[PDB]
Protein chains: 4
Amino acid sequence: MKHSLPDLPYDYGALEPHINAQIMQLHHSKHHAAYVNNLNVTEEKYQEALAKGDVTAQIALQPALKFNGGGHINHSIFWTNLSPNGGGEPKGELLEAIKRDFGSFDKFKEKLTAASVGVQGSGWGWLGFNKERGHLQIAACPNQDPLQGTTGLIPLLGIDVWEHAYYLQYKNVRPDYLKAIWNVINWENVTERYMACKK
Amino acid sequence: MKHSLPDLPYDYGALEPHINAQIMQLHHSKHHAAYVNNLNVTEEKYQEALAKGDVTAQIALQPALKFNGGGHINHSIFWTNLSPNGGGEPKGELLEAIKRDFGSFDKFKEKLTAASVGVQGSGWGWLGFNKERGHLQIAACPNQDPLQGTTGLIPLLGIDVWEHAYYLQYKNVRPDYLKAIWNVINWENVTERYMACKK
Amino acid sequence: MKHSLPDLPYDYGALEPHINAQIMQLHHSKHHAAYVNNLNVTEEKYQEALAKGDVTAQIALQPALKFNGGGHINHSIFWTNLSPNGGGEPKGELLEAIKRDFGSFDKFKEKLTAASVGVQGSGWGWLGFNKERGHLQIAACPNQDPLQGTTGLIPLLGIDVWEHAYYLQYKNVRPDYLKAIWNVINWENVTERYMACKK
Amino acid sequence: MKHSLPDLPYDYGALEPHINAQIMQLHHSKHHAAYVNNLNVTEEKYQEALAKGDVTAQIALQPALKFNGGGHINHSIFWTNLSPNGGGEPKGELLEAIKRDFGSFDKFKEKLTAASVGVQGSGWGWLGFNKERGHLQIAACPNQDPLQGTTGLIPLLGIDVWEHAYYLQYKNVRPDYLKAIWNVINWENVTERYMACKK
Ligand SMILES: [Mn+3]
Ligand SMILES: [Mn+3]
Ligand SMILES: [Mn+3]
Ligand SMILES: [Mn+3]
């Protein structure tokens, strides 16, 4: 079982004018493609190392596995979090959980925006689900470090704040990108990840 | 004594076609300007905190100080490392030190290139001077973490590999940026930092 | 400011047989004492660096300030968290907050124990208060990194799991130390810190 | 592979009075033993994760693999670095390499001592070999992070400065432990590791 680059559920230009086709094409077809290939390359090296019990080689490979493995996980989620039919507000139990845990939908937007803009360097802003406490929680992750593997939280909604995610369009003004991305959020997908946690 | 944004020693377009004016203008007039202002803001908060002995406030501010303080230091060095009259190879004692410590000028280029391309996320590649051992040394730093404050090495030549340093021109192909930047290296300035370490 | 080593609120042997007098004496009069002395030394150097605008020197000092500064913060709270009159269970609003957020007092005990035993290397287990969410939260911190300065949580109860906190008595068996320490928790102080977080 | 706890090359009390038998026995039969058992447990979980392509699970396991894996690597070298027949100074090519790279044996001793005493929290001091530059190098590592896996340096001589390595005998006075340990260094083994690095 090899990992593969998933096809995008929409055309590269489907999110215009909020995210233009050139960013989407570069972000998906160059960046994500590289993470999955290097993940596959890295897993073969680690697979060899684990069989020989070469702990030094296993440990030397951990950054490459985390970096490329996280990149694959994160972008694969990210594409599903966006939709040309998205935007607006969530409904039903997710909306009620957000009001419950954050006060209002607007306060949640403020807190996730603040977490994303506050990332020093490259990283991600997340809405996550805390299985232990049974409530929603906002977290930020550096580089391509994935949410669940490093915090235990189930990822619901991720915001890529790597400069390659917005720079061609918004240059250094990260707040403009965060403002625009709310217009294409696929709350149906966010809701489906959330409902899968509860039973 | 307040920190200030230094003027560039050349026109925004002086490094064309290797680095185009739009990157230089954005990199200097937006990014660097923000680091120095936030550094000044952060120092006032810390200056208050240190007077009251509020250790919690001092510690809470450390990331902001390191991030914005490093950004100011790094870019201020970076501008001097580039020149429209640069490129080529160094001469004199610096050239001899490089052959001595790295084998050849081309091997040094390979090693600094590899360190820079290998940065996962945002960071810097450096040629530094090890005062303790008295030789040259290559190091990589994450985000805006400055070389001397965190490693003890004296910075000689820095390569900004933040995506805002190349993405508008070279997109995701960081190796193309590293190849081009060798054409505008100010070896005179690199030499002057190096000679200041020796006595 | 010139920080000072606080006097202990009890005799070094007051917690026997749960924590023996030699640990308390070494932990207070040698270990804590060293952090205070080095904190004062570190703060003096930092004040000079800030006056000259030496950003490099400020950044070089951050590990010593956080480590020794945190050590002072952490132990000063820790001593107030213990009492020969301690142990048992809390009452009133703190007990109700624990039931709300953790289910029961026993489950809180199990989770804080797990957080403390799970620390890899040197560090601390904490019960803290999250002002943003208005609930209790368990956290672990590495080395002497202090809870509030690095996480924003208000410390209520801290467990030092540096080996110097137990090794003379409990050797490598950290669970025995954790089981014993519940017997000397000053729940009256934990209650006062919690009430101070509320309006 | 199924890693195993290595037999000690000497009696637990063979290094008295420099390192007492109780530390050696606890350090070998409890501390090292725990790393091996948890390493085998951790490797089994990782093999399953790799088979299912569960990248999240692979990443969640990295801290346990590095910590317990490094603990096995580090202590296995450490035991071979000590000998009742040890102490004194090295001879031959190792002694000459030290003079070349550090000036004198005494200065090497001062610097490795400083590197070991300067570790904040748990960790190790190392003399290592840098294959790239072809010279000796002093490094410190946190917790059980292993030298070669995280830095690329070949370990020659390691100093465990976890408190469990000295506290029963030397209490908080790490310099006394460091001064004493020179008396039991197996320079014959250090020499064999160094020669193995050369062609
Ligand atoms: Mn991305
Ligand atoms: Mn830059
Ligand atoms: Mn302590
Ligand atoms: Mn040990």
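Start at 1 and count along the chain as shown; that gives each residue its number.
Note: Cβ is positioned from N, Cα and C throughout, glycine not excepted.
Features of the protein shown, as given by Swiss-Prot:
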type    : residues                             : note
BINDING : C:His27, C:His75, C:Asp160, C:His164 : Mn(2+) binding site
MOD_RES : C:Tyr35                              : 3'-nitrotyrosine
MOD_RES : C:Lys45                              : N6-succinyllysine
MOD_RES : C:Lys45                              : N6-acetyllysine
MOD_RES : C:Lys52                              : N6-acetyllysine
MOD_RES : C:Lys52                              : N6-succinyllysine
MOD_RES : C:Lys91                              : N6-acetyllysine
MOD_RES : C:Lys99                              : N6-succinyllysine
MOD_RES : C:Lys99                              : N6-acetyllysine
MOD_RES : C:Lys107                             : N6-succinyllysine
MOD_RES : C:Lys107                             : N6-acetyllysine
MOD_RES : C:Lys179                             : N6-acetyllysine
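Structure coloured by features recorded in Swiss-Prot.
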residue: C:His27; record: Mn(2+) binding site; DSSP (3 states): helix
residue: C:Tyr35; record: 3'-nitrotyrosine; DSSP (3 states): helix
residue: C:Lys45; record: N6-succinyllysine; DSSP (3 states): helix
residue: C:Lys52; record: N6-acetyllysine; DSSP (3 states): helix
residue: C:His75; record: Mn(2+) binding site; DSSP (3 states): helix
residue: C:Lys91; record: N6-acetyllysine; DSSP (3 states): coil
residue: C:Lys99; record: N6-succinyllysine; DSSP (3 states): helix
residue: C:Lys107; record: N6-succinyllysine; DSSP (3 states): helix
residue: C:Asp160; record: Mn(2+) binding site; DSSP (3 states): strand
residue: C:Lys179; record: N6-acetyllysine; DSSP (3 states): helix
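Taking a C-beta cut-off of under 8 angstroms and a sequence separation of 6 or more, C:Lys179 (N6-acetyllysine) has the following same-chain neighbours: C:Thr113. The Cβ centroid of C:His27, C:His75, C:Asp160, C:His164 marks the Mn(2+) site; residues of that chain outside this set whose Cβ lies within 8 Å of it are C:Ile23, C:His28, C:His31, C:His32, C:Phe78, C:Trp162, C:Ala165, given in sequence order. Here the candidates are the modified residues C:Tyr35, C:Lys52, C:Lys91, C:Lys99, and by Cα distance the one nearest C:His164 (Mn(2+) binding site) turns out to be C:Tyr35. Most Cβ neighbours within 10 Å among the recorded positions C:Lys52, C:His75, C:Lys91, C:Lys99, C:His164: this distinction goes to C:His75. Proximity to chain D (CB-CB distance below 8 Å) holds for none of the recorded positions C:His27, C:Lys45, C:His75, C:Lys99, C:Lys107, C:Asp160. Comparing CA positions across the recorded positions C:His27, C:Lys45, C:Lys52, C:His75, the one lying closest to C:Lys99 (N6-succinyllysine) turns out to be C:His75. Most Cβ neighbours within 10 Å among the recorded positions C:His27, C:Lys45: this distinction goes to C:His27. All chains included, 24 other C-beta atoms sit within 10 angstroms of the C-beta of C:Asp160 (Mn(2+) binding site). In space, C:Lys91 is the closest of the modified residues C:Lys45, C:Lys52, C:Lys91 to C:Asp160 (Mn(2+) binding site), judged by Cα positions. Taking C:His27, C:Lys45, C:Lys52, C:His75, C:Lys91 as the recorded positions under consideration, the smallest Cα distance to C:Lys107 (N6-succinyllysine) is found for C:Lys91. Close contacts with ligand 3, defined as a Cβ under 6 Å from any of its atoms, occur at C:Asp160 among the recorded positions C:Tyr35, C:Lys52, C:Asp160, C:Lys179.
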